[PDB]
Participant: 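This is the structure I have questions about; it appears just below.
In the text below, chain A, chain B and the rest are named by the order of the sequence lines, each starting its count at 1. Atoms within a ligand are numbered from 1 in the order they appear, just like the ligands themselves. Just so you know, these numbers use all the heavy atoms, side chains as well, and skip hydrogens, waters and symmetry mates.
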Amino acid sequence: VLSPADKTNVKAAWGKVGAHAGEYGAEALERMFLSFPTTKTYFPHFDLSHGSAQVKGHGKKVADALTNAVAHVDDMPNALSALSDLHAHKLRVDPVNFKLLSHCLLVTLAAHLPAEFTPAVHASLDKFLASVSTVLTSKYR
Amino acid sequence: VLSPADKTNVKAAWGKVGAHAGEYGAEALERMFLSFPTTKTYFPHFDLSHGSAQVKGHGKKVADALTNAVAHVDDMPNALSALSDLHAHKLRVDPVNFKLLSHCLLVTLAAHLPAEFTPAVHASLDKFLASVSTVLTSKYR
Amino acid sequence: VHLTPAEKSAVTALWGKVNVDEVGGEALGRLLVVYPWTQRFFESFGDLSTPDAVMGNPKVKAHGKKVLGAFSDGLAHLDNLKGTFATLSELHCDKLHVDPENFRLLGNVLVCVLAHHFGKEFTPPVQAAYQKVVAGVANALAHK
Amino acid sequence: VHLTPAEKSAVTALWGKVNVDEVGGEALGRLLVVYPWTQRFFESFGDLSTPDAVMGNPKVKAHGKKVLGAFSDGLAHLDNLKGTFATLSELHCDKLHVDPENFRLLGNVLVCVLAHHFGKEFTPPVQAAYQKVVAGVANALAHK
Ligand code: HEM
Ligand code: HEM
Ligand code: HEM
Ligand code: HEM
């Protein structure tokens, strides 16, 4: 459950991401695939080589999906229902992998936005990604 | 995230609990303290002997809070705000202990209400208890 | 791991009454129903789209008997659980990449099924002994 | 566990640049802020009621240097992490009863802190190597 201060922190920190959204999403994905290679079994149809345009395009989709989740942070189940269909109903992604990608996103943000990655913002972002992860792994329709 | 069918399953199952709520709550507590002895460190002021009146009394409190959560299943952060303050701000309960109590509650309901403990209801109850646990371990003020 | 002799007797007494043709399949089926992402490892089993589809799936019931047989082997080798499941650990960790939290989930679902079948006979002391067993099995399967 | 020699060099070169008086305290402080239930284990540390209170707490900074020293010890004994942390495992598991998931959290908070201090120098290959280190430390600390 996010507090109002959590939502403020996420909106301010993610707001600073800006046009680098795809770049950070692609780098978080690259970090996941190298650090946790089992996560690669969900993308056998992807070229996962370094600098792949396909990972870059996906990373933007993920980053843009997170932007949509910030935009609809107070009613994420309805806004992300299509992604819940995909991740929970279709791909059946094990929830542990959401912790891995979430951790890699926090690592990417800490590396690129050091002035904004305060402990409080870190806490709020971790909760936000945990909330997104629950929506994407829950079957609610 | 609970589905409509989950909420229906939980309300129907909890309806069969009835006047045995406190008894089931006391039994789930006893099962947790025996199976997972580290959980006793949260109740150093309790007599934890078998048949303890303190455990019976607390089991009724826990069951009645679950009953209230069932009644307000779409508005749990508001309804359980006092309990979130207690468990997240004051007691600082590690979330793993909520998984242990939730498992022990499921065991108690399976042992006492076998006709009601279908696979579908089992799943809905597990999700319901996870959602309650998220509210009580989250700081959202 | 370490069960007292009275704990060992209570566990063994209950296990001898287990229906080996239903309990195993019901535990596996409930895992697939309650923790639906586990269905991903069983794509070759067919219809798992509803709870009744899962519980009635013949491959679920068949495979559930094999899982229950492995738990029986662990019960007779509580001193050397790592060796009994070393092969199975390699299968699940090196070939299947099952995250080990799912081992803990299956052990707790099995405990729910035992409570379901035995009711008040599955007393808190008996549950406490079984939690040591399933934890030890889950730890052995994740050893590799 | 298994770091390639290139990973060992990359890990060791970056670690030698770590500010040993800040990084540990920042890791412990972030654990206490991001996962607030961990504060229950540190009741004798005083004010932990705000993030600035935690990050500025001198006991958090002091204890954080010791945690960082234990990671330094693990880095020079990657072959025998179980032996290097055998005594710390007894403390955390039998005396403190810290759930081992919290070991995994602290290792991942440390990785975030290393990313925070080193920025673009904390490349995905370098992170992958450190995830192996913190995983091995978390596993050794939970060995029992
Ligand atoms: C922050 C959490 C995540 C978000 C916001 C997210 C978002 C998305 C989005 C927007 C898509 C594209 C959907 C479409 O094109 O209609 C997608 C697809 C996909 N996601 Fe995720 N995802 C997340 C986590 C994960 C994780 C943890 C995995 C597995 C480890 C995963 C695996 C996949 C796969 C395999 C696809 C299909 C790729 C394709 O066929 O193009 N996702 N996700
Ligand atoms: C389903 C999850 C839970 C529910 C619904 C719940 C509910 C409650 C309720 C209603 C109270 C009494 C508040 C009052 O009297 O004003 C309480 C107190 C307390 N709870 Fe929980 N609880 C849950 C889980 C846990 C867990 C997992 C732990 C620790 C293992 C825990 C530890 C405590 C403690 C230590 C108290 C204070 C007891 C006292 O001083 O009387 N609770 N809880
Ligand atoms: C934790 C206790 C578990 C035990 C004791 C156990 C035991 C077994 C056994 C005995 C087999 C048969 C191997 C053979 O053919 O000789 C097996 C196979 C298998 N297990 Fe498990 N298992 C456990 C947990 C899990 C979990 C949690 C999952 C996934 C969520 C899983 C997925 C599988 C799969 C996919 C197979 C192969 C099935 C097939 O294709 O026939 N296991 N396991
Ligand atoms: C995972 C990596 C960890 C490492 C390397 C580590 C290392 C250490 C070390 C070196 C000490 C000092 C022991 C001494 O005085 O000789 C210590 C103590 C302690 N640790 Fe950890 N630890 C870790 C995780 C944790 C976690 C996750 C918690 C709790 C959430 C925790 C709670 C404590 C406490 C309460 C003490 C005693 C502090 C005191 O006496 O004031 N540790 N640890």
Participant: Numbering the atoms of ligand 2 from 1, which are under 4.0 Å from a heavy atom of B/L136?
Facilitator: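 Every atom of ligand 2 under 4.0 Å from some heavy atom of B/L136: 3 (C), 4 (C), 6 (C).
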Participant: State the CG-CG distance between D/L96 and D/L88, to the nearest 0.5 angstrom.
Facilitator: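 Result: 10.0 Å between the selected atoms.
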Participant: Heavy-atom distances under 4.0 Å decide this one: backbone, side chain, both or neither, for B/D64 against ligand 2?
Facilitator: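 Neither part.
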Participant: Can you tell me how the ring of D/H92 sits relative to the ring of D/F103, calling it parallel under 30°, perpendicular over 60° and tilted otherwise?
Facilitator: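 Answer is perpendicular, since the angle exceeds 60°.
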Participant: Does a donor on one side chain and an acceptor on the other come within less than 3.5 Å for B/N68 and B/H72?
Facilitator: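 Their side chains do contain a donor-acceptor pair, which is all the 3.5 Å distance test asks for.
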Participant: Does D/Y35 have a heavy atom less than 4.0 Å from any atom of ligand 4?
Facilitator: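 Distance cut 4.0 Å: D/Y35 fails for ligand 4.
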Participant: To the nearest 0.1 Å, how far is atom 39 (C) of ligand 2 from its closest protein heavy atom, and which atom is that?
Facilitator: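 Checked against all protein heavy atoms, atom 39 (C) of ligand 2 sits closest to B/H45 NE2, 3.4 Å.
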Participant: So which of D/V134, D/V137, D/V67, D/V98 gets nearest to atom 28 (C) of ligand 4, if we judge by its closest heavy atom?
Facilitator: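 The nearest heavy atom belongs to D/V98.
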Participant: Looking at atom 20 (N) of ligand 2, what's its closest protein heavy atom, distance included?
Facilitator: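 Of the protein heavy atoms, B/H87 NE2, 3.1 Å lies nearest.
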Participant: May I ask you to identify the nearest protein heavy atom to atom 12 (C) of ligand 2, giving residue, atom name and distance to one decimal place in Å?
Facilitator: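 In this structure, atom 12 (C) of ligand 2 has B/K61 CD, 4.2 Å as its nearest protein heavy atom.
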Participant: Check B/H87 against B/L136 and note the closest heavy-atom contact, atom names and distance.
Facilitator: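 The pair with the smallest heavy-atom distance is CB-O, 3.3 Å.
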Participant: Answer whether the closest heavy-atom distance between the side chains of D/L68 and D/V20 falls below 4.5 Å.
Facilitator: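 Touching, per the 4.5 Å side-chain cut-off.
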Participant: Could you name the option among C/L96, C/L28, C/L31 that has the heavy atom nearest to atom 36 (C) of ligand 3?
Facilitator: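 Result: the heavy atom closest to atom 36 (C) of ligand 3 is in C/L96.
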Participant: List ligand 2 atoms under 4.0 Å from B/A65, heavy atoms only on the residue side.
Facilitator: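 Matching atoms, with element in brackets: 5 (C), 10 (C).
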Participant: Which of these, B/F43, B/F33, B/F36, B/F98, has its nearest heavy atom closest to atom 33 (C) of ligand 2?
Facilitator: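 Residue with the shortest heavy-atom distance to the ligand atom: B/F43.
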Participant: Tell me the protein heavy atom at minimum distance from atom 35 (C) of ligand 2, and give that distance in Å.
Facilitator: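 The closest one turns out to be B/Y42 O, 3.1 Å.
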Participant: Against heavy atoms of D/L141, which atoms of ligand 4 measure under 4.0 Å?
Facilitator: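 Listed by number with element: 1 (C), 2 (C), 3 (C), 4 (C), 23 (C).
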Participant: Does even one non-hydrogen atom of C/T87 get within less than 4.0 Å of ligand 3?
Facilitator: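 Distance cut 4.0 Å: C/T87 fails for ligand 3.
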Participant: Answer side chain, backbone, both or neither: which part of B/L101 comes under 4.0 Å from ligand 2, heavy atoms only.
Facilitator: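 Near ligand 2, B/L101 shows its side chain, while the N, CA, C and O stay back.
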Participant: So which protein heavy atom does atom 27 (C) of ligand 2 come closest to, and at what separation?
Facilitator: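 Answer, as residue, atom name and distance: B/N97 O, 3.4 Å.
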Participant: Rounded to the nearest 0.5 Å, what separation is found between the CG atom of A/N97 and the OG1 atom of A/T41?
Facilitator: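 That separation rounds to 7.0 Å.
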Participant: Could you check which of D/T38, B/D94, D/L105, D/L91 puts a non-hydrogen atom nearest to atom 13 (C) of ligand 4?
Facilitator: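 Heavy atom nearest to atom 13 (C) of ligand 4 belongs to D/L91.
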Participant: Counting non-hydrogen protein atoms only, what is the nearest one to atom 34 (C) of ligand 2? Give residue, atom name and distance.
Facilitator: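 For atom 34 (C) of ligand 2, the nearest protein heavy atom comes out as B/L91 CD1, 3.5 Å.
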Participant: Can you check whether B/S138's main-chain N or O pairs, donor with acceptor, with B/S84's side chain at less than 3.5 Å?
Facilitator: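 Checking the backbone N and O of B/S138 against the side chain of B/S84, a donor-acceptor pair under 3.5 Å is found.
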Participant: Find all atoms of ligand 2 within a distance of less than 4.0 Å from any non-hydrogen atom belonging to B/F46, and give their numbers and elements.
Facilitator: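 Close to B/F46: 39 (C), 41 (O).
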Participant: Tell me which one of B/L66, B/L29, B/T39 gets a heavy atom nearest to atom 1 (C) of ligand 2.
Facilitator: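 Heavy atom nearest to atom 1 (C) of ligand 2 belongs to B/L66.
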Participant: Would you say atom 22 (N) of ligand 2 has a protein heavy atom nearer than 4.0 Å?
Facilitator: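 Given the 4.0 Å limit, the answer for atom 22 (N) of ligand 2 is yes, a protein heavy atom qualifies.
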Participant: Find the distance between NE2 (A/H103) and CG (D/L105) and round it off to the nearest 0.5 Å.
Facilitator: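 With rounding to 0.5 Å, NE2 (A/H103) is 10.5 Å from CG (D/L105).
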Participant: Other residues, nucleotides and ligands only: do more than 12 of their heavy atoms fall within 6.0 Å of NZ on B/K7?
Facilitator: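 Counting neighbours around NZ of B/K7, more than 12 heavy atoms of other residues, nucleotides or ligands fall under 6.0 Å, so yes.
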Participant: With C/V60 as reference, evaluate C/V33, C/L32, C/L31 under the side-chain contact (heavy atoms from CB on, under 4.5 Å) test and give the passing residue.
Facilitator: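 That would be C/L32.
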Participant: Quick check on B/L129 - does any of its heavy atoms sit under 4.0 Å from an atom of ligand 2?
Facilitator: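 Heavy atoms of B/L129 never come under 4.0 Å of ligand 2.
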Participant: So if I count the atoms of ligand 3 from 1 in the order they appear, which ones are less than 4.0 Å from some heavy atom of C/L106?
Facilitator: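 Listed by number with element, the hits are 2 (C), 3 (C), 23 (C), 24 (C).
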Participant: Can you list the ligand 4 atoms lying under 4.0 Å from a non-hydrogen atom of D/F45?
Facilitator: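 In order of number, 41 (O).
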Participant: Among B/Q54, B/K40, B/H58, which one has a heavy atom closest to atom 17 (C) of ligand 2?
Facilitator: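 The residue whose heavy atom sits nearest atom 17 (C) of ligand 2 is B/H58.
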Participant: Of the protein's non-hydrogen atoms, which lies at the shortest distance from atom 9 (C) of ligand 2, and what is that distance?
Facilitator: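 Here the nearest protein heavy atom works out to B/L83 CD2, 3.8 Å.
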Participant: What atoms of ligand 2 come closer than 4.0 angstrom to any heavy atom of B/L86?
Facilitator: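 With B/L86 as reference, the close atoms of ligand 2 come out as 13 (C), 17 (C), 18 (C).
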Participant: Think C/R40 forms a cation-pi with A/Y42, using NZ or CZ under 6.0 Å from the six-ring centre and within 45 degrees of its axis?
Facilitator: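 Checked: cation-pi criterion met.
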Participant: Is the NZ atom of B/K11 crowded by more than 12 outside heavy atoms at less than 6.0 Å?
Facilitator: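 For B/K11, atom NZ is crowded (more than 12 foreign heavy atoms under 6.0 Å).
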Participant: Under a plain distance cut-off of 3.5 Å, with no hydrogens placed, do D/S72 and D/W15 share a side-chain donor-acceptor pair?
Facilitator: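 There is such a pair (donor and acceptor under 3.5 Å, judged by atom type) between the side chains of D/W15 and D/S72.
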Participant: Does either side chain, that of C/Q39 or that of A/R92, offer a donor lying less than 3.5 Å from an acceptor on the other one?
Facilitator: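 The criterion, which ignores hydrogens and geometry beyond distance, is satisfied for A/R92 and C/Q39.
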Participant: Look at the rings of B/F46 and B/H58 and say which category their plane angle falls in: under 30° parallel, 30 to 60° tilted, over 60° perpendicular.
Facilitator: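 Taking B/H58 first and then B/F46, their aromatic rings stand perpendicular (interplane angle over 60°).
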Participant: Please compare D/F85, D/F71, D/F42, D/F103 and report which has the shortest non-hydrogen distance to atom 32 (C) of ligand 4.
Facilitator: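 Closest candidate by heavy-atom distance is D/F42.
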Participant: Assess whether a salt bridge exists between C/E26 and C/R30, defined as any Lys/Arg side-chain N lying under 4.0 Å from an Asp/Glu carboxylate O.
Facilitator: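 No salt bridge links C/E26 with C/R30.
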Participant: Only heavy atoms count here, so choose which of D/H92, D/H63, D/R40 is nearest to atom 42 (N) of ligand 4.
Facilitator: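 Checking each option, the heavy atom nearest atom 42 (N) of ligand 4 is found in D/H92.
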Participant: For B/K99 and B/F36, what are the C-alpha separation, side-chain angles and deciding distance, and is it a side chain to side chain contact (heavy atoms under 4.5 Å, CB included)?
Facilitator: CA-CA 11 Å; B/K99 291 182 197 199; B/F36 310 112; over 6 Å; no
Participant: Any atoms of ligand 4 less than 4.0 Å from a non-hydrogen atom of D/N102? List them with their elements.
Facilitator: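 By the 4.0 Å cutoff, the relevant atoms are 27 (C).
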